[PDB]
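Raw contents of coords-v9.cif, mmCIF, C-alpha atoms:
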```
data_run
loop_
_atom_site.group_PDB
_atom_site.id
_atom_site.type_symbol
_atom_site.label_atom_id
_atom_site.label_comp_id
_atom_site.auth_asym_id
_atom_site.auth_seq_id
_atom_site.Cartn_x
_atom_site.Cartn_y
_atom_site.Cartn_z
ATOM 1 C CA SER K 1 92.156 -77.067 -174.584
ATOM 2 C CA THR K 2 90.670 -79.305 -171.911
ATOM 3 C CA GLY K 3 89.517 -79.084 -168.318
ATOM 4 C CA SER K 4 89.075 -81.618 -165.525
ATOM 5 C CA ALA K 5 87.470 -80.992 -162.148
ATOM 6 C CA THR K 6 86.462 -83.206 -159.269
ATOM 7 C CA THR K 7 82.801 -83.163 -158.232
ATOM 8 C CA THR K 8 81.855 -84.087 -154.661
ATOM 9 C CA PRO K 9 78.528 -85.059 -153.072
ATOM 10 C CA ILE K 10 77.173 -82.389 -150.698
ATOM 11 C CA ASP K 11 75.944 -84.910 -148.135
ATOM 12 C CA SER K 12 75.711 -88.592 -147.256
ATOM 13 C CA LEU K 13 72.737 -89.143 -149.595
ATOM 14 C CA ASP K 14 74.318 -87.656 -152.751
ATOM 15 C CA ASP K 15 71.492 -85.081 -152.839
ATOM 16 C CA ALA K 16 73.632 -83.035 -155.206
ATOM 17 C CA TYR K 17 77.244 -82.562 -156.267
ATOM 18 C CA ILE K 18 79.517 -79.505 -156.067
ATOM 19 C CA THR K 19 82.459 -78.658 -158.281
ATOM 20 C CA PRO K 20 84.942 -75.858 -157.568
ATOM 21 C CA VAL K 21 84.895 -72.988 -160.081
ATOM 22 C CA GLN K 22 87.289 -70.039 -160.295
ATOM 23 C CA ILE K 23 85.593 -66.692 -161.030
ATOM 24 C CA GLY K 24 87.304 -63.354 -161.534
ATOM 25 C CA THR K 25 90.757 -61.856 -161.006
ATOM 26 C CA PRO K 26 92.234 -62.684 -158.559
ATOM 27 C CA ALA K 27 90.321 -65.949 -158.535
ATOM 28 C CA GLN K 28 87.318 -66.327 -156.283
ATOM 29 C CA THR K 29 86.559 -70.026 -155.878
ATOM 30 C CA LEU K 30 82.918 -70.983 -155.506
ATOM 31 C CA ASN K 31 81.479 -74.492 -155.301
ATOM 32 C CA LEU K 32 78.800 -74.798 -157.974
ATOM 33 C CA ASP K 33 76.143 -77.368 -158.801
ATOM 34 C CA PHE K 34 76.764 -78.406 -162.409
ATOM 35 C CA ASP K 35 73.303 -78.790 -163.897
ATOM 36 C CA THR K 36 72.758 -80.375 -167.329
ATOM 37 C CA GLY K 37 69.051 -79.521 -166.956
ATOM 38 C CA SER K 38 69.441 -75.720 -166.957
ATOM 39 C CA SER K 39 71.474 -73.076 -168.734
ATOM 40 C CA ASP K 40 72.248 -70.256 -166.283
ATOM 41 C CA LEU K 41 75.517 -69.816 -164.404
ATOM 42 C CA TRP K 42 74.428 -67.994 -161.262
ATOM 43 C CA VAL K 43 76.100 -67.332 -157.952
ATOM 44 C CA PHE K 44 75.534 -66.107 -154.451
ATOM 45 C CA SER K 45 77.130 -62.681 -154.396
ATOM 46 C CA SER K 46 77.755 -59.427 -152.562
ATOM 47 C CA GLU K 47 74.400 -58.351 -154.031
ATOM 48 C CA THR K 48 72.393 -61.227 -152.524
ATOM 49 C CA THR K 49 69.812 -60.185 -149.914
ATOM 50 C CA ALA K 50 71.734 -60.662 -146.674
ATOM 51 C CA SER K 51 68.953 -62.574 -144.904
ATOM 52 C CA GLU K 52 68.993 -65.115 -147.770
ATOM 53 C CA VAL K 53 72.666 -65.955 -147.333
ATOM 54 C CA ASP K 54 73.527 -68.599 -144.710
ATOM 55 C CA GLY K 55 77.057 -69.969 -145.053
ATOM 56 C CA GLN K 56 77.601 -69.768 -148.802
ATOM 57 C CA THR K 57 80.739 -68.330 -150.325
ATOM 58 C CA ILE K 58 79.851 -65.227 -152.325
ATOM 59 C CA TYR K 59 81.235 -63.700 -155.516
ATOM 60 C CA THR K 60 82.121 -60.050 -155.083
ATOM 61 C CA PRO K 61 82.428 -58.466 -158.504
ATOM 62 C CA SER K 62 83.913 -55.236 -157.123
ATOM 63 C CA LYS K 63 86.990 -57.221 -156.066
ATOM 64 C CA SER K 64 87.519 -58.631 -159.559
ATOM 65 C CA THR K 65 89.566 -56.567 -161.999
ATOM 66 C CA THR K 66 88.035 -58.430 -164.944
ATOM 67 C CA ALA K 67 84.383 -58.096 -163.872
ATOM 68 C CA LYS K 68 82.140 -55.845 -165.975
ATOM 69 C CA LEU K 69 78.457 -55.130 -165.401
ATOM 70 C CA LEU K 70 76.412 -56.340 -168.363
ATOM 71 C CA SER K 71 74.353 -53.207 -168.452
ATOM 72 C CA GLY K 72 70.597 -53.638 -168.397
ATOM 73 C CA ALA K 73 70.675 -57.419 -168.168
ATOM 74 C CA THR K 74 68.555 -59.290 -165.627
ATOM 75 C CA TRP K 75 67.736 -62.946 -165.043
ATOM 76 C CA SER K 76 65.085 -64.959 -163.235
ATOM 77 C CA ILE K 77 64.762 -68.728 -163.074
ATOM 78 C CA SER K 78 62.403 -71.279 -161.545
ATOM 79 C CA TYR K 79 63.380 -74.926 -161.245
ATOM 80 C CA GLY K 80 61.327 -78.121 -161.287
ATOM 81 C CA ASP K 81 61.468 -78.491 -157.508
ATOM 82 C CA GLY K 82 59.868 -75.066 -157.090
ATOM 83 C CA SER K 83 63.036 -73.228 -156.124
ATOM 84 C CA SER K 84 64.058 -69.982 -157.796
ATOM 85 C CA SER K 85 66.540 -67.141 -157.978
ATOM 86 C CA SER K 86 67.036 -63.849 -159.802
ATOM 87 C CA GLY K 87 69.352 -60.866 -160.177
ATOM 88 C CA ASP K 88 71.620 -58.956 -162.534
ATOM 89 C CA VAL K 89 74.609 -59.974 -164.663
ATOM 90 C CA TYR K 90 78.351 -59.445 -164.932
ATOM 91 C CA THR K 91 80.807 -60.802 -167.425
ATOM 92 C CA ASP K 92 84.050 -62.160 -165.983
ATOM 93 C CA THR K 93 86.707 -64.824 -166.433
ATOM 94 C CA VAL K 94 85.560 -68.288 -165.361
ATOM 95 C CA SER K 95 87.778 -71.369 -165.122
ATOM 96 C CA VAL K 96 86.799 -74.981 -164.496
ATOM 97 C CA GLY K 97 89.500 -77.560 -163.896
ATOM 98 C CA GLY K 98 92.101 -75.522 -165.764
ATOM 99 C CA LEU K 99 89.825 -74.566 -168.681
ATOM 100 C CA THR K 100 89.270 -70.827 -168.951
ATOM 101 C CA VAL K 101 86.509 -68.813 -170.599
ATOM 102 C CA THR K 102 86.803 -65.038 -170.790
ATOM 103 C CA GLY K 103 83.633 -62.928 -171.026
ATOM 104 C CA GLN K 104 81.407 -65.554 -169.392
ATOM 105 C CA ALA K 105 78.025 -64.300 -168.169
ATOM 106 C CA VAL K 106 78.041 -64.647 -164.389
ATOM 107 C CA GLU K 107 74.555 -64.109 -163.080
ATOM 108 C CA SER K 108 74.629 -62.419 -159.697
ATOM 109 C CA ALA K 109 71.780 -63.341 -157.379
ATOM 110 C CA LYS K 110 69.862 -60.567 -155.678
ATOM 111 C CA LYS K 111 67.220 -63.016 -154.429
ATOM 112 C CA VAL K 112 67.222 -66.779 -153.835
ATOM 113 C CA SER K 113 64.459 -69.026 -152.522
ATOM 114 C CA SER K 114 64.614 -70.820 -149.179
ATOM 115 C CA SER K 115 65.949 -74.129 -150.493
ATOM 116 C CA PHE K 116 69.055 -72.350 -151.766
ATOM 117 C CA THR K 117 69.579 -70.391 -148.551
ATOM 118 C CA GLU K 118 69.239 -73.577 -146.525
ATOM 119 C CA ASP K 119 71.876 -75.355 -148.559
ATOM 120 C CA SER K 120 75.096 -73.808 -147.258
ATOM 121 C CA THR K 121 77.266 -76.058 -149.432
ATOM 122 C CA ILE K 122 75.986 -74.826 -152.838
ATOM 123 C CA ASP K 123 77.323 -71.410 -153.856
ATOM 124 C CA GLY K 124 75.406 -71.364 -157.141
ATOM 125 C CA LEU K 125 74.661 -73.335 -160.294
ATOM 126 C CA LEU K 126 76.516 -73.804 -163.570
ATOM 127 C CA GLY K 127 74.086 -74.749 -166.312
ATOM 128 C CA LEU K 128 75.087 -77.192 -169.030
ATOM 129 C CA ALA K 129 71.860 -77.600 -170.982
ATOM 130 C CA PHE K 130 71.435 -75.770 -174.307
ATOM 131 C CA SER K 131 71.843 -71.989 -174.303
ATOM 132 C CA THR K 132 68.320 -71.550 -175.699
ATOM 133 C CA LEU K 133 67.097 -72.061 -172.093
ATOM 134 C CA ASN K 134 69.239 -69.280 -170.666
ATOM 135 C CA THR K 135 67.044 -66.732 -168.854
ATOM 136 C CA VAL K 136 69.088 -63.544 -169.293
ATOM 137 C CA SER K 137 67.013 -60.689 -170.718
ATOM 138 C CA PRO K 138 67.002 -58.793 -173.023
ATOM 139 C CA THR K 139 70.092 -60.463 -174.490
ATOM 140 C CA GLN K 140 70.215 -64.222 -173.930
ATOM 141 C CA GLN K 141 73.619 -65.523 -172.823
ATOM 142 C CA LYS K 142 75.640 -68.638 -173.602
ATOM 143 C CA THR K 143 76.583 -71.419 -171.177
ATOM 144 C CA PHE K 144 80.160 -72.033 -170.089
ATOM 145 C CA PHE K 145 80.288 -75.107 -172.365
ATOM 146 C CA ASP K 146 78.908 -73.197 -175.348
ATOM 147 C CA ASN K 147 81.540 -70.470 -174.833
ATOM 148 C CA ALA K 148 84.359 -72.993 -174.367
ATOM 149 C CA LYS K 149 83.354 -75.262 -177.242
ATOM 150 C CA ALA K 150 85.442 -73.849 -180.073
ATOM 151 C CA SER K 151 88.609 -73.964 -177.952
ATOM 152 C CA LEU K 152 88.079 -77.552 -176.778
ATOM 153 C CA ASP K 153 90.078 -80.430 -178.276
ATOM 154 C CA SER K 154 86.724 -82.158 -178.878
ATOM 155 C CA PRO K 155 83.288 -80.511 -178.406
ATOM 156 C CA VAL K 156 82.253 -82.681 -175.464
ATOM 157 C CA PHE K 157 81.987 -82.815 -171.728
ATOM 158 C CA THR K 158 81.594 -85.918 -169.567
ATOM 159 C CA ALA K 159 79.904 -86.597 -166.258
ATOM 160 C CA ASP K 160 81.304 -89.298 -164.019
ATOM 161 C CA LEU K 161 79.353 -89.022 -160.787
ATOM 162 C CA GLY K 162 80.250 -91.093 -157.745
ATOM 163 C CA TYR K 163 78.026 -93.139 -155.479
ATOM 164 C CA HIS K 164 78.792 -91.806 -152.005
ATOM 165 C CA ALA K 165 82.172 -90.732 -153.412
ATOM 166 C CA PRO K 166 83.801 -88.029 -155.517
ATOM 167 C CA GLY K 167 83.711 -88.103 -159.314
ATOM 168 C CA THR K 168 84.769 -86.008 -162.281
ATOM 169 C CA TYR K 169 83.551 -83.528 -164.875
ATOM 170 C CA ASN K 170 85.844 -83.389 -167.914
ATOM 171 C CA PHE K 171 85.669 -80.891 -170.756
ATOM 172 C CA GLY K 172 87.106 -81.423 -174.188
ATOM 173 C CA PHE K 173 88.159 -85.075 -173.966
ATOM 174 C CA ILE K 174 86.962 -88.598 -173.192
ATOM 175 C CA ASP K 175 89.028 -90.357 -170.514
ATOM 176 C CA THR K 176 89.185 -93.898 -171.845
ATOM 177 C CA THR K 177 90.400 -95.130 -168.424
ATOM 178 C CA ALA K 178 87.199 -93.960 -166.709
ATOM 179 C CA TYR K 179 84.776 -96.571 -168.071
ATOM 180 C CA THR K 180 84.568 -100.242 -168.925
ATOM 181 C CA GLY K 181 83.554 -101.744 -172.251
ATOM 182 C CA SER K 182 82.372 -99.407 -175.007
ATOM 183 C CA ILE K 183 80.358 -96.185 -175.054
ATOM 184 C CA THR K 184 76.905 -96.460 -176.630
ATOM 185 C CA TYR K 185 75.718 -93.268 -178.287
ATOM 186 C CA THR K 186 72.081 -92.329 -178.719
ATOM 187 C CA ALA K 187 70.224 -89.488 -180.450
ATOM 188 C CA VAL K 188 69.399 -86.209 -178.726
ATOM 189 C CA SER K 189 66.540 -83.785 -179.346
ATOM 190 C CA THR K 190 67.334 -80.177 -178.456
ATOM 191 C CA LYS K 191 63.760 -79.052 -179.189
ATOM 192 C CA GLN K 192 63.065 -78.377 -175.492
ATOM 193 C CA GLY K 193 66.594 -77.147 -174.737
ATOM 194 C CA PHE K 194 67.511 -80.313 -172.788
ATOM 195 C CA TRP K 195 69.776 -83.310 -173.359
ATOM 196 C CA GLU K 196 66.644 -85.245 -174.312
ATOM 197 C CA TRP K 197 66.923 -88.833 -175.464
ATOM 198 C CA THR K 198 64.911 -92.051 -175.632
ATOM 199 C CA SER K 199 65.776 -95.067 -173.530
ATOM 200 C CA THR K 200 64.947 -98.432 -175.111
ATOM 201 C CA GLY K 201 63.425 -99.976 -171.981
ATOM 202 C CA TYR K 202 63.989 -101.342 -168.490
ATOM 203 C CA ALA K 203 64.307 -104.291 -166.165
ATOM 204 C CA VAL K 204 63.665 -104.714 -162.449
ATOM 205 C CA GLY K 205 66.222 -106.775 -160.579
ATOM 206 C CA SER K 206 66.911 -110.059 -162.344
ATOM 207 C CA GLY K 207 63.661 -109.756 -164.324
ATOM 208 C CA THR K 208 63.266 -109.820 -168.080
ATOM 209 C CA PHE K 209 63.959 -106.637 -170.032
ATOM 210 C CA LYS K 210 60.879 -104.771 -171.238
ATOM 211 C CA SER K 211 61.390 -103.109 -174.614
ATOM 212 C CA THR K 212 59.626 -99.760 -174.511
ATOM 213 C CA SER K 213 60.600 -96.231 -175.555
ATOM 214 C CA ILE K 214 61.045 -93.846 -172.631
ATOM 215 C CA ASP K 215 61.752 -90.244 -173.623
ATOM 216 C CA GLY K 216 63.573 -88.289 -170.934
ATOM 217 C CA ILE K 217 66.349 -85.869 -170.067
ATOM 218 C CA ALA K 218 69.850 -86.430 -168.711
ATOM 219 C CA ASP K 219 69.840 -84.043 -165.757
ATOM 220 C CA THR K 220 72.774 -83.875 -163.345
ATOM 221 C CA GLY K 221 70.887 -81.243 -161.344
ATOM 222 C CA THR K 222 68.062 -83.599 -160.357
ATOM 223 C CA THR K 223 68.743 -86.050 -157.534
ATOM 224 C CA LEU K 224 66.395 -88.893 -158.381
ATOM 225 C CA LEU K 225 65.167 -90.974 -161.313
ATOM 226 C CA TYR K 226 61.674 -89.938 -162.465
ATOM 227 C CA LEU K 227 59.928 -92.359 -164.813
ATOM 228 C CA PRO K 228 56.375 -93.174 -165.971
ATOM 229 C CA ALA K 229 53.980 -94.406 -163.300
ATOM 230 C CA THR K 230 53.736 -97.848 -164.945
ATOM 231 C CA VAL K 231 57.503 -98.368 -164.759
ATOM 232 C CA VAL K 232 57.802 -97.098 -161.192
ATOM 233 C CA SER K 233 54.893 -99.249 -160.020
ATOM 234 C CA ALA K 234 56.553 -102.331 -161.540
ATOM 235 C CA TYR K 235 59.779 -101.518 -159.650
ATOM 236 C CA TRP K 236 58.254 -100.914 -156.205
ATOM 237 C CA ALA K 237 55.937 -103.923 -156.475
ATOM 238 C CA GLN K 238 59.112 -106.008 -156.028
ATOM 239 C CA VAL K 239 59.828 -104.480 -152.601
ATOM 240 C CA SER K 240 57.752 -105.886 -149.721
ATOM 241 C CA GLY K 241 55.938 -103.094 -147.946
ATOM 242 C CA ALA K 242 56.709 -100.357 -150.477
ATOM 243 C CA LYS K 243 53.928 -97.891 -151.147
ATOM 244 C CA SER K 244 53.248 -94.495 -152.613
ATOM 245 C CA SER K 245 52.599 -92.024 -149.833
ATOM 246 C CA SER K 246 50.724 -88.819 -150.607
ATOM 247 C CA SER K 247 51.760 -87.342 -147.238
ATOM 248 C CA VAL K 248 55.461 -87.986 -147.811
ATOM 249 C CA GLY K 249 55.347 -87.142 -151.516
ATOM 250 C CA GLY K 250 56.357 -90.351 -153.244
ATOM 251 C CA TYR K 251 57.246 -93.994 -152.863
ATOM 252 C CA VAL K 252 58.550 -95.081 -149.488
ATOM 253 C CA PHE K 253 59.764 -98.503 -148.420
ATOM 254 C CA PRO K 254 60.758 -100.263 -145.203
ATOM 255 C CA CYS K 255 64.311 -99.350 -144.220
ATOM 256 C CA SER K 256 64.850 -103.076 -143.521
ATOM 257 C CA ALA K 257 64.477 -103.891 -147.247
ATOM 258 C CA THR K 258 67.113 -105.028 -149.710
ATOM 259 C CA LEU K 259 66.342 -103.114 -152.885
ATOM 260 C CA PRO K 260 66.496 -104.689 -156.348
ATOM 261 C CA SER K 261 68.615 -103.173 -159.088
ATOM 262 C CA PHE K 262 67.053 -101.221 -161.956
ATOM 263 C CA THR K 263 68.331 -101.549 -165.516
ATOM 264 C CA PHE K 264 67.717 -99.001 -168.286
ATOM 265 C CA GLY K 265 68.385 -99.407 -171.994
ATOM 266 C CA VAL K 266 70.627 -97.281 -174.141
ATOM 267 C CA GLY K 267 70.174 -98.634 -177.643
ATOM 268 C CA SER K 268 71.130 -102.304 -177.395
ATOM 269 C CA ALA K 269 73.243 -101.614 -174.290
ATOM 270 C CA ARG K 270 72.165 -101.779 -170.647
ATOM 271 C CA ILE K 271 73.051 -99.650 -167.632
ATOM 272 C CA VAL K 272 72.489 -101.288 -164.239
ATOM 273 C CA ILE K 273 71.660 -99.139 -161.224
ATOM 274 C CA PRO K 274 72.473 -101.124 -158.070
ATOM 275 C CA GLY K 275 69.684 -101.320 -155.501
ATOM 276 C CA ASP K 276 71.727 -99.386 -152.931
ATOM 277 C CA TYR K 277 71.726 -96.336 -155.260
ATOM 278 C CA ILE K 278 67.937 -96.226 -154.936
ATOM 279 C CA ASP K 279 67.991 -95.872 -151.099
ATOM 280 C CA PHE K 280 67.556 -92.257 -149.955
ATOM 281 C CA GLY K 281 67.315 -93.134 -146.308
ATOM 282 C CA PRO K 282 64.812 -92.371 -143.566
ATOM 283 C CA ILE K 283 62.066 -89.887 -144.480
ATOM 284 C CA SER K 284 62.786 -88.100 -141.216
ATOM 285 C CA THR K 285 65.547 -88.624 -138.713
ATOM 286 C CA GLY K 286 65.134 -91.973 -136.971
ATOM 287 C CA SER K 287 62.220 -93.191 -139.077
ATOM 288 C CA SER K 288 62.018 -96.780 -140.281
ATOM 289 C CA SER K 289 60.328 -95.582 -143.476
ATOM 290 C CA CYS K 290 62.869 -94.857 -146.210
ATOM 291 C CA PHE K 291 62.481 -92.688 -149.298
ATOM 292 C CA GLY K 292 62.787 -94.234 -152.749
ATOM 293 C CA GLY K 293 65.223 -93.079 -155.426
ATOM 294 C CA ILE K 294 62.903 -94.007 -158.298
ATOM 295 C CA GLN K 295 59.761 -91.876 -158.390
ATOM 296 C CA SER K 296 56.879 -91.205 -160.750
ATOM 297 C CA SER K 297 57.215 -88.442 -163.341
ATOM 298 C CA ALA K 298 53.441 -88.170 -163.638
ATOM 299 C CA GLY K 299 52.595 -84.501 -163.281
ATOM 300 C CA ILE K 300 56.186 -83.344 -163.926
ATOM 301 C CA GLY K 301 55.490 -83.546 -167.626
ATOM 302 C CA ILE K 302 58.846 -85.112 -168.456
ATOM 303 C CA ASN K 303 60.902 -88.144 -167.472
ATOM 304 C CA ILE K 304 64.186 -87.302 -165.749
ATOM 305 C CA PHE K 305 67.341 -89.407 -165.707
ATOM 306 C CA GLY K 306 68.757 -87.687 -162.640
ATOM 307 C CA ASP K 307 71.774 -88.519 -160.511
ATOM 308 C CA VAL K 308 70.446 -91.928 -159.412
ATOM 309 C CA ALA K 309 70.676 -93.081 -163.030
ATOM 310 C CA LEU K 310 73.625 -91.024 -164.244
ATOM 311 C CA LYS K 311 75.971 -92.021 -161.401
ATOM 312 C CA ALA K 312 75.708 -95.648 -162.567
ATOM 313 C CA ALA K 313 77.373 -94.636 -165.863
ATOM 314 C CA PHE K 314 80.111 -92.698 -167.545
ATOM 315 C CA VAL K 315 78.106 -90.161 -169.562
ATOM 316 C CA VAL K 316 79.269 -88.252 -172.644
ATOM 317 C CA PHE K 317 77.481 -85.015 -173.521
ATOM 318 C CA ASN K 318 78.484 -84.622 -177.162
ATOM 319 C CA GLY K 319 77.976 -81.018 -178.302
ATOM 320 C CA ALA K 320 78.977 -81.602 -181.915
ATOM 321 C CA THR K 321 76.837 -79.986 -184.628
ATOM 322 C CA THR K 322 74.395 -82.875 -184.202
ATOM 323 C CA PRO K 323 74.476 -83.487 -180.451
ATOM 324 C CA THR K 324 74.316 -86.979 -178.988
ATOM 325 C CA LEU K 325 74.601 -88.670 -175.604
ATOM 326 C CA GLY K 326 76.884 -91.580 -174.792
ATOM 327 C CA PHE K 327 76.644 -94.042 -171.904
ATOM 328 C CA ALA K 328 79.175 -96.613 -170.709
ATOM 329 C CA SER K 329 79.292 -98.836 -167.678
ATOM 330 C CA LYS K 330 82.107 -98.168 -165.224
#
```
Spell out the structure here as structure tokens.
Amino acid sequence: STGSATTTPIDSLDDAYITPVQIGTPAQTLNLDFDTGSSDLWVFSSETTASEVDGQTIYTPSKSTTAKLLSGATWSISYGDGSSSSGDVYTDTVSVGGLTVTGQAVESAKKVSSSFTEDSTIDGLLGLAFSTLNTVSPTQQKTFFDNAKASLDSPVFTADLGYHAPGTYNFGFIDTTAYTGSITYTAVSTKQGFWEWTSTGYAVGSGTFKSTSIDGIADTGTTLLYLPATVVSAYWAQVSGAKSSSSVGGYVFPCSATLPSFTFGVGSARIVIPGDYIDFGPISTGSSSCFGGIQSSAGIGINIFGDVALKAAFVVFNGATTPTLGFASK
């Protein structure tokens, strides 16, 4: 089997991407944030505290003939940006882009933090990291990909995120029309439950490539690119007037600037992030100070190849017995 679904930015900054997912019988379609940095599929639901729902589409298990309470199971998750959610669990039929999993754990939110409430366009998350990170207790549950894997034509999914435009998540096949050149594959460590790999270095603009190992995760659920302070300082030093602002919470730059590209290494290959991808616009409405898309990972504890980086590539998440990651230009 295979599946193919379009993913769409939630706003004009590409702060996140939503992909329609069919849950239950008859289908209830919710728009979920596919997150390769977590491993819970959770949704706004009929159980969610009413004051914490503001515009989201909810899953109502009582209207699904295939929904079953997973008795005794609870879940609770906290994300890197400080947001969180928690609730109980149903199993139900879940389909993405024509690919169907029966018995998928669908985590029903009883509580969500303010950032989720305030984002009316995100109806929940679908985690695509390794199932060892799944938070369901006392019986840990598998991700949608893990459940689908054996039925897939090939044990892979791909992320093809757009810059200010729709893109695609495919399951079970590599669309050879979706990228240019060849795909370069690189080793993954699953030790922390992430799609963790090591980039071979970077360049700023038309500058020379610096060979240096940068360990980090491929995380579709993180907006920006978080890298070591040394790397990030070297980037922003090439933008007149750029500075790290404690009050704003990262590097800012004059909105009048033309940003340089940023290149990262994948083995001997190179992925180029155009400067425009690094512009996250005014820090507040009408400001002439703009927020940078490359930020320091210092104090996160891990480097994160978020959407800023991933949207510059066609990315293969290879879930074969020895997982790997592939990157191609597009």
Next item on the list: Give me the result of the PyMOL selection byres ((chain K and resi 207) around 12) on this file, residue by residue, as a VMD selection string.
Entry: chain K and resid 202 to 206 208 to 210 234 to 235 238 260 to 263
Just to be explicit: take each residue in the selection above, keep C-alpha atoms, and write the result as a PDB file, in the coordinates of the input.
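Output below, filename again14.pdb:
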```pdb
ATOM      1  CA  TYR K 202      63.989-101.342-168.490  1.00  0.00           C
ATOM      2  CA  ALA K 203      64.307-104.291-166.165  1.00  0.00           C
ATOM      3  CA  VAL K 204      63.665-104.714-162.449  1.00  0.00           C
ATOM      4  CA  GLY K 205      66.222-106.775-160.579  1.00  0.00           C
ATOM      5  CA  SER K 206      66.911-110.059-162.344  1.00  0.00           C
ATOM      6  CA  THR K 208      63.266-109.820-168.080  1.00  0.00           C
ATOM      7  CA  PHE K 209      63.959-106.637-170.032  1.00  0.00           C
ATOM      8  CA  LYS K 210      60.879-104.771-171.238  1.00  0.00           C
ATOM      9  CA  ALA K 234      56.553-102.331-161.540  1.00  0.00           C
ATOM     10  CA  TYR K 235      59.779-101.518-159.650  1.00  0.00           C
ATOM     11  CA  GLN K 238      59.112-106.008-156.028  1.00  0.00           C
ATOM     12  CA  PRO K 260      66.496-104.689-156.348  1.00  0.00           C
ATOM     13  CA  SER K 261      68.615-103.173-159.088  1.00  0.00           C
ATOM     14  CA  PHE K 262      67.053-101.221-161.956  1.00  0.00           C
ATOM     15  CA  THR K 263      68.331-101.549-165.516  1.00  0.00           C
TER      16      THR K 263
END
```
Next item on the list: Take the point (65.7, -57.9, -172.5) in the file's coordinates, draw a sphere of radius 10 Å around it, and report as a list in words every protein, DNA or RNA residue with an atom inside or on it, counting all atoms listed in the file.
Entry: residues 72, 73, 74, 75, 135, 136, 137, 138, 139 and 140 of chain K
Next item on the list: Could you give me, as an MDAnalysis selection string, the residues that have an atom at most 9 Å away from the point (71.6, -91.4, -163.7) in the coordinates of the file, using all atoms listed in the file?
Entry: chainID K and resid 161 218:220 223:225 273 304:313 315
Margin query: Restricting the calculation to all atoms listed in the file: of K:90, K:130, K:116, K:42, which residue gets closest to residue 62 of chain K?
Written below: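 Result for the nearest residue to residue 62 of chain K: K:90.
Closest to residue 125 of chain K among K:159, K:106, K:178, K:43 is K:43, based on only C-alpha atoms.
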Checklist line | Nearest-residue call for residue 199 of chain K, choices K:303, K:45, K:180, K:230, using only C-alpha atoms | finding: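 Under the stated criterion, the closest residue is K:303.
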Margin query: Assuming the chain letters and numbering stay as they are in my file, what does the PyMOL selection byres ((chain K and resi 132) around 9) actually select? List them as a PyMOL selection string.
Written below: chain K and resi 39+129-131+133-135+140-142+192-193
Check: So which residues touch residue 14 of chain K within 9 Å, counting all atoms listed in the file, skipping near sequence neighbours fewer than 3 positions away, as a list in words?
Finding: residues 8, 9, 10, 11, 17, 162, 163, 164, 165, 223, 280, 307 and 308 of chain K
Completion step: segment 153-164 of chain K with N, CA and C atoms as a tab-separated table (two decimals), keeping the file's coordinate frame:
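In the end it all went to result-v7.tsv:
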```tsv
chain	number	residue	atom	x	y	z
K	153	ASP	N	89.47	-79.46	-177.36
K	153	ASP	CA	90.08	-80.43	-178.28
K	153	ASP	C	88.99	-81.20	-179.03
K	154	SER	N	87.89	-81.47	-178.33
K	154	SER	CA	86.72	-82.16	-178.88
K	154	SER	C	85.52	-81.50	-178.20
K	155	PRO	N	84.41	-81.30	-178.94
K	155	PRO	CA	83.29	-80.51	-178.41
K	155	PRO	C	82.36	-81.30	-177.48
K	156	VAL	N	82.92	-81.75	-176.37
K	156	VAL	CA	82.25	-82.68	-175.46
K	156	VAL	C	82.53	-82.30	-174.03
K	157	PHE	N	81.64	-82.72	-173.13
K	157	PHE	CA	81.99	-82.82	-171.73
K	157	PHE	C	81.43	-84.14	-171.21
K	158	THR	N	82.03	-84.66	-170.13
K	158	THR	CA	81.59	-85.92	-169.57
K	158	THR	C	81.29	-85.77	-168.09
K	159	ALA	N	80.29	-86.52	-167.66
K	159	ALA	CA	79.90	-86.60	-166.26
K	159	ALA	C	80.18	-87.99	-165.75
K	160	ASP	N	80.93	-88.04	-164.66
K	160	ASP	CA	81.30	-89.30	-164.02
K	160	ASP	C	81.04	-89.14	-162.53
K	161	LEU	N	79.77	-89.26	-162.16
K	161	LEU	CA	79.35	-89.02	-160.79
K	161	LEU	C	79.58	-90.26	-159.92
K	162	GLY	N	80.03	-90.03	-158.70
K	162	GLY	CA	80.25	-91.09	-157.74
K	162	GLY	C	79.04	-91.44	-156.91
K	163	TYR	N	78.97	-92.69	-156.49
K	163	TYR	CA	78.03	-93.14	-155.48
K	163	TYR	C	78.70	-93.00	-154.13
K	164	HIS	N	78.20	-92.08	-153.32
K	164	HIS	CA	78.79	-91.81	-152.00
K	164	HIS	C	80.31	-91.59	-152.13
```
